[PDB]
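Here's model-v2.cif, which has mmCIF, C-alpha atoms:
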data_structure
#
loop_
_atom_site.label_atom_id
_atom_site.label_comp_id
_atom_site.auth_asym_id
_atom_site.auth_seq_id
_atom_site.Cartn_x
_atom_site.Cartn_y
_atom_site.Cartn_z
CA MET N 1 150.41 112.67 128.01
CA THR N 2 150.24 108.91 127.16
CA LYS N 3 149.05 106.35 129.76
CA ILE N 4 150.26 102.73 129.51
CA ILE N 5 149.38 99.55 131.41
CA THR N 6 151.22 96.34 130.58
CA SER N 7 150.51 92.75 131.58
CA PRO N 8 151.28 89.11 131.01
CA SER N 9 148.89 87.80 128.36
CA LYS N 10 147.55 85.32 130.94
CA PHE N 11 147.99 84.98 134.70
CA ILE N 12 146.91 81.52 135.89
CA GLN N 13 146.61 80.40 139.52
CA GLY N 14 145.46 77.27 141.33
CA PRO N 15 146.62 74.15 143.19
CA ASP N 16 148.54 71.55 141.11
CA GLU N 17 148.68 73.81 137.98
CA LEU N 18 152.05 72.28 136.89
CA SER N 19 150.16 68.99 136.30
CA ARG N 20 148.41 70.84 133.42
CA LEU N 21 151.64 72.45 132.11
CA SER N 22 151.31 70.58 128.79
CA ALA N 23 147.82 72.03 128.25
CA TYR N 24 149.30 75.56 128.60
CA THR N 25 152.48 75.02 126.49
CA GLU N 26 150.33 73.39 123.75
CA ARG N 27 148.33 76.68 123.41
CA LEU N 28 151.57 78.54 122.50
CA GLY N 29 153.55 75.90 120.57
CA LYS N 30 154.29 72.27 119.64
CA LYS N 31 157.60 71.87 121.53
CA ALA N 32 158.40 73.25 125.01
CA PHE N 33 161.87 73.93 126.40
CA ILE N 34 161.53 73.67 130.19
CA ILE N 35 164.31 75.28 132.26
CA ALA N 36 164.79 74.36 135.93
CA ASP N 37 167.71 74.01 138.38
CA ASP N 38 168.79 70.80 140.17
CA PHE N 39 166.55 71.25 143.24
CA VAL N 40 163.40 72.27 141.30
CA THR N 41 163.90 69.46 138.74
CA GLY N 42 163.79 66.97 141.66
CA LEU N 43 160.84 68.83 143.23
CA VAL N 44 158.47 69.06 140.21
CA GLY N 45 160.12 66.89 137.51
CA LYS N 46 157.72 63.98 137.96
CA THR N 47 154.63 66.25 137.79
CA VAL N 48 155.87 67.91 134.58
CA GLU N 49 156.79 64.55 132.97
CA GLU N 50 153.34 63.14 133.91
CA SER N 51 151.63 66.24 132.41
CA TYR N 52 153.02 65.32 128.97
CA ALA N 53 151.63 61.70 128.94
CA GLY N 54 150.62 60.92 125.34
CA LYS N 55 152.37 64.13 124.13
CA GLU N 56 155.89 62.97 125.04
CA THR N 57 157.68 64.57 122.01
CA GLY N 58 156.16 67.93 122.97
CA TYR N 59 158.72 68.93 125.61
CA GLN N 60 162.30 68.57 126.85
CA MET N 61 163.78 69.44 130.24
CA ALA N 62 166.99 71.44 130.49
CA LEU N 63 169.15 71.74 133.60
CA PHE N 64 169.76 75.38 134.67
CA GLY N 65 173.19 76.12 136.19
CA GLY N 66 171.65 78.49 138.79
CA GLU N 67 172.89 81.88 137.54
CA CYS N 68 171.11 84.20 135.11
CA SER N 69 174.21 85.13 133.13
CA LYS N 70 174.89 85.85 129.44
CA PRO N 71 176.90 82.60 128.94
CA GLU N 72 174.15 80.48 130.54
CA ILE N 73 171.48 82.35 128.50
CA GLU N 74 173.45 81.74 125.27
CA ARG N 75 174.00 78.03 126.11
CA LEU N 76 170.24 77.52 126.69
CA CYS N 77 169.26 79.53 123.57
CA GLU N 78 171.47 77.19 121.47
CA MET N 79 170.04 74.05 123.11
CA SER N 80 166.53 75.47 122.53
CA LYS N 81 167.18 76.14 118.78
CA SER N 82 168.89 72.71 118.52
CA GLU N 83 165.76 70.97 119.98
CA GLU N 84 163.53 73.13 117.70
CA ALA N 85 161.60 74.54 120.69
CA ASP N 86 158.90 77.17 119.94
CA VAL N 87 157.98 77.99 123.59
CA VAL N 88 160.20 78.37 126.69
CA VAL N 89 159.23 77.63 130.29
CA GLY N 90 161.04 78.65 133.48
CA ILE N 91 160.20 76.93 136.77
CA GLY N 92 161.74 78.10 140.05
CA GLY N 93 163.09 81.29 141.61
CA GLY N 94 163.78 84.68 140.04
CA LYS N 95 167.09 83.76 138.42
CA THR N 96 165.45 80.81 136.59
CA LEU N 97 162.39 82.85 135.56
CA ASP N 98 164.52 85.73 134.25
CA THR N 99 166.71 83.27 132.31
CA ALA N 100 163.58 81.89 130.62
CA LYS N 101 162.39 85.42 129.74
CA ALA N 102 165.81 86.26 128.23
CA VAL N 103 165.80 82.99 126.20
CA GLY N 104 162.32 83.80 124.85
CA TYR N 105 163.47 87.29 123.89
CA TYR N 106 166.68 86.16 122.11
CA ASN N 107 165.06 83.16 120.30
CA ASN N 108 161.85 85.20 119.66
CA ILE N 109 159.51 82.59 121.20
CA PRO N 110 156.69 82.99 123.79
CA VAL N 111 157.50 82.47 127.49
CA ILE N 112 155.87 80.78 130.50
CA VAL N 113 157.16 81.63 133.97
CA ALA N 114 156.12 79.35 136.82
CA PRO N 115 157.48 80.55 140.19
CA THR N 116 157.87 77.97 142.95
CA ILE N 117 157.78 80.81 145.54
CA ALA N 118 155.78 84.05 145.87
CA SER N 119 158.44 86.30 147.42
CA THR N 120 158.72 89.22 144.96
CA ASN N 121 156.68 91.05 142.32
CA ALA N 122 159.31 90.35 139.57
CA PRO N 123 157.63 87.34 137.81
CA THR N 124 155.05 89.30 135.78
CA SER N 125 157.53 92.02 134.76
CA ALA N 126 159.19 92.71 131.38
CA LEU N 127 162.64 92.51 132.99
CA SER N 128 165.55 90.10 133.39
CA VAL N 129 168.23 90.89 135.97
CA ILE N 130 171.51 89.67 134.45
CA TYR N 131 174.56 88.75 136.56
CA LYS N 132 178.17 87.91 135.77
CA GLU N 133 179.08 84.22 136.23
CA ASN N 134 180.71 85.04 139.60
CA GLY N 135 177.40 86.42 140.98
CA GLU N 136 177.91 90.20 140.67
CA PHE N 137 175.22 92.40 139.08
CA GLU N 138 175.82 93.04 135.37
CA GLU N 139 172.73 94.71 133.86
CA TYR N 140 168.96 95.25 133.71
CA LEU N 141 167.67 93.68 130.48
CA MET N 142 164.40 95.47 129.57
CA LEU N 143 162.16 93.17 127.54
CA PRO N 144 159.75 94.33 124.81
CA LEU N 145 156.94 92.23 126.31
CA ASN N 146 155.85 90.91 129.70
CA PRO N 147 156.08 87.09 129.78
CA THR N 148 153.27 85.47 127.79
CA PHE N 149 151.91 83.33 130.70
CA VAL N 150 152.55 83.44 134.43
CA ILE N 151 151.49 80.21 136.21
CA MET N 152 151.16 79.94 140.02
CA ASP N 153 150.96 76.37 141.37
CA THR N 154 149.76 77.22 144.87
CA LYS N 155 150.35 73.67 146.13
CA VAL N 156 154.02 73.78 145.10
CA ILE N 157 154.35 77.38 146.42
CA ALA N 158 152.92 76.48 149.84
CA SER N 159 155.74 73.88 150.31
CA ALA N 160 158.29 76.78 150.47
CA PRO N 161 159.28 78.23 153.89
CA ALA N 162 156.72 80.81 155.12
CA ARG N 163 159.47 83.43 155.48
CA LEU N 164 159.47 83.64 151.66
CA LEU N 165 155.69 84.25 151.44
CA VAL N 166 155.97 86.90 154.17
CA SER N 167 158.86 88.53 152.28
CA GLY N 168 156.51 88.74 149.28
CA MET N 169 154.02 90.56 151.52
CA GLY N 170 156.79 93.08 152.33
CA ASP N 171 157.47 93.63 148.63
CA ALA N 172 153.69 93.95 147.99
CA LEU N 173 153.32 96.46 150.86
CA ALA N 174 155.26 99.17 148.98
CA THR N 175 153.18 99.00 145.80
CA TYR N 176 150.28 101.36 146.63
CA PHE N 177 152.47 104.00 148.29
CA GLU N 178 154.99 104.06 145.42
CA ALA N 179 152.23 104.14 142.78
CA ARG N 180 150.31 106.85 144.68
CA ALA N 181 153.47 108.97 144.85
CA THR N 182 154.22 108.52 141.13
CA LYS N 183 150.65 109.38 140.07
CA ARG N 184 150.64 112.44 142.40
CA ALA N 185 153.94 113.52 140.81
CA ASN N 186 152.52 112.98 137.27
CA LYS N 187 155.69 110.92 136.57
CA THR N 188 156.12 107.83 134.37
CA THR N 189 156.36 104.10 135.08
CA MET N 190 158.46 101.11 133.88
CA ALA N 191 155.57 100.47 131.45
CA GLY N 192 156.67 103.74 129.75
CA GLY N 193 153.82 106.21 130.33
CA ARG N 194 151.78 107.88 133.04
CA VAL N 195 149.65 105.89 135.50
CA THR N 196 146.30 104.38 134.43
CA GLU N 197 143.29 104.22 136.76
CA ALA N 198 143.48 100.40 136.38
CA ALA N 199 147.06 100.24 137.76
CA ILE N 200 146.46 102.47 140.81
CA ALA N 201 143.26 100.49 141.58
CA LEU N 202 145.21 97.19 141.42
CA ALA N 203 147.97 98.71 143.60
CA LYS N 204 145.35 99.83 146.16
CA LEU N 205 143.71 96.37 146.17
CA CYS N 206 147.20 94.90 146.66
CA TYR N 207 147.72 96.93 149.87
CA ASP N 208 144.19 96.26 151.19
CA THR N 209 144.64 92.51 150.58
CA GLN N 210 147.89 92.46 152.60
CA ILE N 211 146.21 94.19 155.58
CA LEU N 212 143.06 91.99 155.51
CA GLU N 213 144.63 88.63 154.52
CA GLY N 214 148.36 88.53 155.35
CA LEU N 215 148.13 87.13 158.88
CA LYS N 216 145.50 84.50 157.96
CA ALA N 217 147.69 83.48 155.01
CA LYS N 218 150.85 83.30 157.15
CA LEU N 219 149.20 81.03 159.76
CA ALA N 220 148.26 78.57 156.98
CA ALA N 221 151.59 78.85 155.05
CA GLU N 222 153.67 78.14 158.20
CA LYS N 223 152.15 74.61 158.10
CA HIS N 224 152.61 74.46 154.31
CA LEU N 225 148.83 74.51 153.77
CA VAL N 226 146.73 76.30 151.15
CA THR N 227 143.64 78.23 152.24
CA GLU N 228 141.76 80.89 150.24
CA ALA N 229 143.73 83.50 152.26
CA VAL N 230 146.93 82.01 150.84
CA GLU N 231 145.34 82.10 147.36
CA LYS N 232 144.51 85.81 147.70
CA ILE N 233 147.99 86.68 149.03
CA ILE N 234 149.71 84.78 146.19
CA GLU N 235 147.60 86.77 143.68
CA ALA N 236 148.39 90.03 145.56
CA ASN N 237 152.13 89.28 145.86
CA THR N 238 152.38 88.46 142.14
CA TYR N 239 149.74 89.90 139.81
CA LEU N 240 148.37 92.87 141.79
CA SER N 241 151.79 94.00 143.06
CA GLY N 242 153.43 93.18 139.70
CA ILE N 243 151.06 95.27 137.56
CA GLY N 244 150.78 97.83 140.37
CA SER N 245 154.51 98.53 140.59
CA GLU N 246 155.50 98.15 136.91
CA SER N 247 152.49 100.11 135.53
CA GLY N 248 151.93 102.33 138.64
CA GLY N 249 155.52 103.38 139.42
CA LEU N 250 158.35 102.78 141.86
CA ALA N 251 159.56 105.49 144.26
CA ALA N 252 161.45 105.89 147.57
CA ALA N 253 160.94 102.40 149.03
CA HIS N 254 162.70 100.60 146.16
CA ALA N 255 165.41 103.28 146.00
CA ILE N 256 165.99 102.89 149.75
CA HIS N 257 166.04 99.06 149.24
CA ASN N 258 168.88 99.58 146.70
CA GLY N 259 170.80 101.95 148.98
CA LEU N 260 170.73 99.42 151.84
CA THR N 261 173.19 97.21 149.84
CA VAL N 262 175.90 99.47 151.39
CA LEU N 263 175.10 97.85 154.77
CA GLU N 264 176.73 94.39 154.53
CA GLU N 265 174.72 93.03 157.52
CA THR N 266 171.50 93.42 155.41
CA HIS N 267 172.64 91.10 152.56
CA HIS N 268 171.20 88.07 154.43
CA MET N 269 167.70 89.71 154.33
CA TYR N 270 165.43 89.05 151.35
CA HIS N 271 164.27 91.65 148.82
CA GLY N 272 160.74 92.18 150.19
CA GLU N 273 161.87 92.28 153.83
CA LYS N 274 164.09 95.26 152.98
CA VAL N 275 161.33 96.82 150.84
CA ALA N 276 159.02 96.63 153.91
CA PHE N 277 161.42 98.83 155.89
CA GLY N 278 161.91 101.06 152.83
CA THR N 279 158.14 101.53 152.79
CA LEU N 280 158.23 102.79 156.39
CA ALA N 281 161.04 105.19 155.41
CA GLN N 282 158.95 106.41 152.44
CA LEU N 283 156.03 107.11 154.79
CA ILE N 284 158.28 109.26 157.03
CA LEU N 285 159.74 111.00 153.94
CA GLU N 286 156.27 111.96 152.57
CA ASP N 287 155.09 112.43 156.19
CA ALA N 288 152.09 110.14 155.83
CA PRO N 289 149.48 110.42 158.64
CA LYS N 290 150.42 108.72 161.91
CA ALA N 291 147.33 106.46 161.43
CA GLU N 292 148.71 105.17 158.09
CA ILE N 293 152.15 104.55 159.70
CA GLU N 294 150.60 102.66 162.64
CA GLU N 295 148.59 100.43 160.27
CA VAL N 296 151.79 99.51 158.34
CA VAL N 297 153.98 98.97 161.42
CA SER N 298 151.20 96.92 163.07
CA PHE N 299 150.78 94.71 160.01
CA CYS N 300 154.57 94.19 159.76
CA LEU N 301 154.82 93.17 163.44
CA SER N 302 151.87 90.75 163.03
CA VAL N 303 153.56 88.81 160.15
CA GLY N 304 157.26 89.21 161.12
CA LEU N 305 158.41 91.87 158.64
CA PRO N 306 161.22 94.25 159.76
CA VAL N 307 160.37 97.78 161.04
CA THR N 308 163.89 98.79 162.24
CA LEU N 309 167.48 98.66 160.99
CA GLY N 310 168.03 96.19 163.86
CA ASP N 311 165.45 93.84 162.29
CA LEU N 312 167.63 93.92 159.11
CA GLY N 313 170.73 92.84 161.13
CA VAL N 314 172.24 96.31 161.72
CA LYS N 315 173.52 96.22 165.34
CA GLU N 316 174.80 99.85 165.42
CA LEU N 317 173.64 103.05 163.74
CA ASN N 318 176.77 104.36 162.00
CA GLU N 319 176.40 107.89 160.59
CA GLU N 320 179.01 107.46 157.83
CA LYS N 321 177.45 104.20 156.58
CA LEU N 322 173.88 105.54 156.73
CA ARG N 323 174.94 108.65 154.74
CA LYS N 324 176.23 106.29 152.02
CA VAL N 325 172.87 104.45 152.08
CA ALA N 326 171.12 107.80 151.55
CA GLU N 327 173.56 108.90 148.82
CA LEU N 328 173.15 105.62 146.91
CA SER N 329 169.33 105.90 147.28
CA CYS N 330 169.56 109.34 145.60
CA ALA N 331 171.89 108.33 142.68
CA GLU N 332 171.11 109.93 139.29
CA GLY N 333 168.35 107.77 137.69
CA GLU N 334 166.93 106.34 140.95
CA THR N 335 163.18 105.92 141.44
CA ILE N 336 163.20 108.17 144.55
CA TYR N 337 162.73 111.16 142.21
CA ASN N 338 159.18 109.95 141.44
CA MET N 339 158.18 111.44 144.82
CA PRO N 340 156.02 114.57 144.21
CA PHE N 341 158.53 116.83 146.07
CA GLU N 342 162.28 117.57 146.00
CA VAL N 343 164.51 114.93 147.59
CA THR N 344 168.08 115.24 148.93
CA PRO N 345 170.45 112.82 150.68
CA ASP N 346 169.95 114.74 153.98
CA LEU N 347 166.17 114.30 153.67
CA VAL N 348 166.50 110.56 152.89
CA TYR N 349 169.02 110.13 155.76
CA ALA N 350 166.43 111.78 158.04
CA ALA N 351 163.65 109.48 156.75
CA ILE N 352 165.72 106.30 157.27
CA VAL N 353 166.95 107.06 160.80
CA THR N 354 163.51 108.36 161.82
CA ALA N 355 161.84 105.24 160.33
CA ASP N 356 164.15 103.22 162.59
CA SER N 357 163.16 105.43 165.60
CA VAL N 358 159.41 105.06 164.77
CA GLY N 359 159.79 101.26 164.50
CA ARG N 360 161.67 101.01 167.80
CA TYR N 361 159.05 103.28 169.39
CA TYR N 362 156.08 101.10 168.34
CA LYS N 363 157.84 97.78 169.14
CA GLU N 364 158.42 99.01 172.71
CA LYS N 365 154.92 100.51 173.07
CA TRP N 366 153.03 97.39 171.76
#
Is it possible to give me this structure as structure tokens?
Amino acid sequence: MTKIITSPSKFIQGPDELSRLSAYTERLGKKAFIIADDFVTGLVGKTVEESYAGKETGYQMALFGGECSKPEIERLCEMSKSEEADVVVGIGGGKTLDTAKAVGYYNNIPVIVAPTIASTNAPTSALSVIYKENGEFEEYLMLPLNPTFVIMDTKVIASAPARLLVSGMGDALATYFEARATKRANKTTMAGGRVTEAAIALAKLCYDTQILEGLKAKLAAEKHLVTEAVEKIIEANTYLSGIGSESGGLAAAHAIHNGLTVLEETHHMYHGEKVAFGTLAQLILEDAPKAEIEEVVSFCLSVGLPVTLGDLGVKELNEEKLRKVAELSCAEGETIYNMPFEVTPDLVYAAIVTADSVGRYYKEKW
């Protein structure tokens, strides 16, 4: 009967926020350990360095090898202890951010994650995805706490390709539907309890913000510009969707995202792009009203999110392959069982292929 909502201790957003990084690390400790890969070090290194003017013994940069692996986490933990760091910062993509969270967990120090893109709802979450050094998935490392601070430098984020912001809209699109399903089912979330009113409200605002703001935000982000629409979408893609999914629940869309790994042609598509199509499949599965489906498909077409298997690179519907997608989506502990009805591979197969038919249908009609 327990309800839980979890959060970063602070979520901080604005243009040129990395220029105040020292003000934020100073609130948590005397000595920051700042992890970033080659590209991101060149991108933001000067801004970070300039932030610590007059405080120059209060940080050190560390070059990240690019993979969130156990060896790389151990190497950075040792360097961090060796430099006597009492706060860790990750700046970059998901692999960098997760590495920083892992380092903070192992060394027992607070963490700051500062994404340079807004393409998934992972940044706020109490989770590091660990890989082997060769790039294969190893494990999900569940953290006791969400990262202490999440910092969104909207100026840096807007310099990323717009495809990445749009992909974050796709990821954000699933949040309300998955949370609604989980709450309807009376099932539990990654936060470890049943769904709070706060989390479902944030999930709902997430969805509404995508519909109202996504297109306006895309048109600005294509030119690498920051408007208030871009500000609202960055918040929705990160905080709203992050709290919404972790404390509101995942369901069929994420499970279907995972199952699509079977289709090799879809590996070139980003996480949120595949989640967008998984959302359409969830809506068929739960048989959402045609009006709700049309609003989602319409939004996806307006911003360039996929609504067919074709849009994910799949040139031919293959029954054998699509069965495997459905089977993998329904594996033992998958999130698809948070739907408030019984689910089978046949039913998920039907949802996926019919989602593809619905997408094709509306593309041709509009």
Original post:
What is the CA of residue 127 in chain N to CA of residue 10 in chain N distance in Å?
Top reply: 16.8 Å
**OP:** Using the chain letters and residue numbers of this document, give as an MDAnalysis selection string the residues selected by the PyMOL selection byres ((chain N and resi 95) around 9).
**Re:** chainID N and resid 66:69 92:94 96:100 128:130
List as JSON lines every residue of range 170-264 of chain N that is in contact with range 268-280 of chain N, defined as an atom at most 7 Å from one of its atoms (using only C-alpha atoms), together with the nearest atom pair and the distance in Å rounded to one decimal, sorted by chain and then rising number.
{"residue": "N:170", "atom": "CA", "partner": "N:276", "partner_atom": "CA", "distance": 4.5}
{"residue": "N:171", "atom": "CA", "partner": "N:272", "partner_atom": "CA", "distance": 3.9}
{"residue": "N:173", "atom": "CA", "partner": "N:276", "partner_atom": "CA", "distance": 6.5}
{"residue": "N:174", "atom": "CA", "partner": "N:279", "partner_atom": "CA", "distance": 5.3}
{"residue": "N:253", "atom": "CA", "partner": "N:278", "partner_atom": "CA", "distance": 4.1}
{"residue": "N:254", "atom": "CA", "partner": "N:275", "partner_atom": "CA", "distance": 6.2}
{"residue": "N:256", "atom": "CA", "partner": "N:278", "partner_atom": "CA", "distance": 5.4}
{"residue": "N:257", "atom": "CA", "partner": "N:275", "partner_atom": "CA", "distance": 5.5}
**OP:** Please write as a PyMOL selection string the full residue list that the PyMOL selection byres ((chain N and resi 119-121) around 6) yields on this file.
**Re:** chain N and resi 117-118+122-123+164-165+167-168+171+238+241-242
Subject >> Matched chain/residue IDs from the PyMOL selection byres ((chain N and resi 42-57) around 7), as a list in words >> reply: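 Those residues are residues 18, 19, 20, 21, 22, 38, 39, 40, 41, 58 and 59 of chain N.
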With C-alpha atoms retained, export the selected residues as a tab-separated table (two decimals), keeping the file's coordinate frame.
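To be explicit, this is the file written out as selection.tsv:
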chain	number	residue	atom	x	y	z
N	18	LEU	CA	152.05	72.28	136.89
N	19	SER	CA	150.16	68.99	136.30
N	20	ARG	CA	148.41	70.84	133.42
N	21	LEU	CA	151.64	72.45	132.11
N	22	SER	CA	151.31	70.58	128.79
N	38	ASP	CA	168.79	70.80	140.17
N	39	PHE	CA	166.55	71.25	143.24
N	40	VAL	CA	163.40	72.27	141.30
N	41	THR	CA	163.90	69.46	138.74
N	58	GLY	CA	156.16	67.93	122.97
N	59	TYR	CA	158.72	68.93	125.61
**OP:** Please indicate the distance in Å from CA of residue 297 in chain N to CA of residue 359 in chain N, rounded to one decimal place.
**Re:** 7.0 Å
Write range 127-147 of chain N as a PDB file, keeping the file's coordinate frame, completed to N, CA, C and O atoms.
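Dumped everything to selection_3.pdb:
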ATOM      1  N   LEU N 127     161.319  92.188 132.445  1.00  0.00           N
ATOM      2  CA  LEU N 127     162.640  92.510 132.990  1.00  0.00           C
ATOM      3  C   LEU N 127     163.385  91.249 133.380  1.00  0.00           C
ATOM      4  O   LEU N 127     162.843  90.408 134.082  1.00  0.00           O
ATOM      5  N   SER N 128     164.630  91.138 132.926  1.00  0.00           N
ATOM      6  CA  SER N 128     165.550  90.100 133.390  1.00  0.00           C
ATOM      7  C   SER N 128     166.738  90.772 134.059  1.00  0.00           C
ATOM      8  O   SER N 128     167.359  91.650 133.466  1.00  0.00           O
ATOM      9  N   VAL N 129     167.050  90.371 135.283  1.00  0.00           N
ATOM     10  CA  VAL N 129     168.230  90.890 135.970  1.00  0.00           C
ATOM     11  C   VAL N 129     169.364  89.939 135.624  1.00  0.00           C
ATOM     12  O   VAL N 129     169.305  88.758 135.963  1.00  0.00           O
ATOM     13  N   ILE N 130     170.373  90.459 134.925  1.00  0.00           N
ATOM     14  CA  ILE N 130     171.510  89.670 134.450  1.00  0.00           C
ATOM     15  C   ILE N 130     172.705  89.864 135.378  1.00  0.00           C
ATOM     16  O   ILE N 130     173.011  90.984 135.778  1.00  0.00           O
ATOM     17  N   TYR N 131     173.368  88.757 135.709  1.00  0.00           N
ATOM     18  CA  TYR N 131     174.560  88.750 136.560  1.00  0.00           C
ATOM     19  C   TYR N 131     175.750  88.213 135.785  1.00  0.00           C
ATOM     20  O   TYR N 131     175.589  87.485 134.810  1.00  0.00           O
ATOM     21  N   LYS N 132     176.951  88.582 136.213  1.00  0.00           N
ATOM     22  CA  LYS N 132     178.170  87.910 135.770  1.00  0.00           C
ATOM     23  C   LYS N 132     178.172  86.489 136.343  1.00  0.00           C
ATOM     24  O   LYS N 132     177.456  86.206 137.305  1.00  0.00           O
ATOM     25  N   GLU N 133     179.003  85.618 135.781  1.00  0.00           N
ATOM     26  CA  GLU N 133     179.080  84.220 136.230  1.00  0.00           C
ATOM     27  C   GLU N 133     179.511  84.077 137.687  1.00  0.00           C
ATOM     28  O   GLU N 133     179.126  83.116 138.344  1.00  0.00           O
ATOM     29  N   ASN N 134     180.289  85.037 138.191  1.00  0.00           N
ATOM     30  CA  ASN N 134     180.710  85.040 139.600  1.00  0.00           C
ATOM     31  C   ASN N 134     179.650  85.528 140.603  1.00  0.00           C
ATOM     32  O   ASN N 134     179.878  85.468 141.811  1.00  0.00           O
ATOM     33  N   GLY N 135     178.512  86.024 140.115  1.00  0.00           N
ATOM     34  CA  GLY N 135     177.400  86.420 140.980  1.00  0.00           C
ATOM     35  C   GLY N 135     177.156  87.915 141.113  1.00  0.00           C
ATOM     36  O   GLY N 135     176.148  88.320 141.682  1.00  0.00           O
ATOM     37  N   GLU N 136     178.070  88.745 140.601  1.00  0.00           N
ATOM     38  CA  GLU N 136     177.910  90.200 140.670  1.00  0.00           C
ATOM     39  C   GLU N 136     176.911  90.711 139.626  1.00  0.00           C
ATOM     40  O   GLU N 136     176.806  90.167 138.535  1.00  0.00           O
ATOM     41  N   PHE N 137     176.182  91.764 139.983  1.00  0.00           N
ATOM     42  CA  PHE N 137     175.220  92.400 139.080  1.00  0.00           C
ATOM     43  C   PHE N 137     175.884  92.871 137.800  1.00  0.00           C
ATOM     44  O   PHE N 137     176.914  93.529 137.868  1.00  0.00           O
ATOM     45  N   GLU N 138     175.305  92.535 136.648  1.00  0.00           N
ATOM     46  CA  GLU N 138     175.820  93.040 135.370  1.00  0.00           C
ATOM     47  C   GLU N 138     174.890  94.099 134.794  1.00  0.00           C
ATOM     48  O   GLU N 138     175.296  95.239 134.659  1.00  0.00           O
ATOM     49  N   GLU N 139     173.659  93.733 134.444  1.00  0.00           N
ATOM     50  CA  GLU N 139     172.730  94.710 133.860  1.00  0.00           C
ATOM     51  C   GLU N 139     171.239  94.376 134.013  1.00  0.00           C
ATOM     52  O   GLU N 139     170.868  93.229 134.279  1.00  0.00           O
ATOM     53  N   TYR N 140     170.410  95.402 133.837  1.00  0.00           N
ATOM     54  CA  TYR N 140     168.960  95.250 133.710  1.00  0.00           C
ATOM     55  C   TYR N 140     168.616  95.096 132.233  1.00  0.00           C
ATOM     56  O   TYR N 140     168.779  96.024 131.466  1.00  0.00           O
ATOM     57  N   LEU N 141     168.130  93.922 131.847  1.00  0.00           N
ATOM     58  CA  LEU N 141     167.670  93.680 130.480  1.00  0.00           C
ATOM     59  C   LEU N 141     166.152  93.946 130.413  1.00  0.00           C
ATOM     60  O   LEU N 141     165.360  93.169 130.931  1.00  0.00           O
ATOM     61  N   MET N 142     165.783  95.055 129.767  1.00  0.00           N
ATOM     62  CA  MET N 142     164.400  95.470 129.570  1.00  0.00           C
ATOM     63  C   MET N 142     163.857  94.684 128.397  1.00  0.00           C
ATOM     64  O   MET N 142     164.444  94.714 127.328  1.00  0.00           O
ATOM     65  N   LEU N 143     162.737  93.993 128.587  1.00  0.00           N
ATOM     66  CA  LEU N 143     162.160  93.170 127.540  1.00  0.00           C
ATOM     67  C   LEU N 143     161.066  93.938 126.827  1.00  0.00           C
ATOM     68  O   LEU N 143     160.432  94.780 127.446  1.00  0.00           O
ATOM     69  N   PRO N 144     160.850  93.670 125.526  1.00  0.00           N
ATOM     70  CA  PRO N 144     159.750  94.330 124.810  1.00  0.00           C
ATOM     71  C   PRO N 144     158.356  93.957 125.312  1.00  0.00           C
ATOM     72  O   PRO N 144     157.424  94.756 125.193  1.00  0.00           O
ATOM     73  N   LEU N 145     158.218  92.742 125.842  1.00  0.00           N
ATOM     74  CA  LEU N 145     156.940  92.230 126.310  1.00  0.00           C
ATOM     75  C   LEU N 145     157.059  91.585 127.697  1.00  0.00           C
ATOM     76  O   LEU N 145     158.084  90.992 128.035  1.00  0.00           O
ATOM     77  N   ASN N 146     155.996  91.705 128.491  1.00  0.00           N
ATOM     78  CA  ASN N 146     155.850  90.910 129.700  1.00  0.00           C
ATOM     79  C   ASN N 146     155.722  89.445 129.285  1.00  0.00           C
ATOM     80  O   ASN N 146     155.200  89.165 128.215  1.00  0.00           O
ATOM     81  N   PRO N 147     156.180  88.506 130.131  1.00  0.00           N
ATOM     82  CA  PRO N 147     156.080  87.090 129.780  1.00  0.00           C
ATOM     83  C   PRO N 147     154.672  86.709 129.361  1.00  0.00           C
ATOM     84  O   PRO N 147     153.702  87.231 129.923  1.00  0.00           O
TER      85      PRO N 147
END
